C-alpha cells in the first residue's frame, strides 16, 4: 500500500490528550495546510474541571502564534520555534496496519503509518488515515515508546469556510508576550 495524500484544508473538531496534563481537551479546529496556519477554539462540555477557554491562531509563515481568551479577548503573542508539520502522511512513512472501525453497512477502513526503521524498528509519529479519502482520524507522538500527545479528529468538512478565523483580533496588536494560564481562579 502507498500513502494517500491527505486533504490540505478542512475544519472539524478534535480531542487532544496530553501527557503533560493527563487530560483530554476538546476544541474546534481549522487546519489550513495550504497556508501553514491553524486555529484551535477550545470547547467545553463538562463545566468541571474549571478552566479558561482560549482561541489559538498559529501562522507558521509569520513565525508567530496568538492565544486569545474567548470571553475577555486578551491576547498573548508567542514565537514559533517548531517547524511546520502538516497533517498528511510523509512520503517515507512505514505502513503498520490496516483495520476496520465498526461493522457492516457503516464501517470505515483506516491505515496506520509511522516512522520506523525495520532494523530495530519503533514508531514516533503514528498517523491513522481513512483508506478511500485519506481523512485524518488520529495523530500520536511518542518518545521512547510512551505517549506524549494524541489527537482524534472528527466532523471533518472540507475547506476553510471563512478565512477571517485566522485574522487575530485588535487586542493582539498590543499583545502580551507570554502564555496565559488555563487555571480557574
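Positions refer to the first chain, counted from 1.
Between 107-115 and 74-82, the higher mean Cα B-factor belongs to 74-82. For the pair 30-38 and 128-136, the mean B factor over Cα atoms is greater in 30-38.
When the C-alpha B-factors of 60, 54, 154, 141 are ranked from the entry, the top spot goes to 60. Among all modelled residues in its chain, residue 164 ranks in the highest third by Cα B-factor. Among the modelled residues of the chain, residue 150 sits in the lowest third by CA temperature factor in this PDB entry. Ranked by Cα temperature factor within the chain, residue 14 sits in the lowest third according to the deposited record. Per-chain ranking of the deposited C-alpha B factor places residue 5 in the lowest third.
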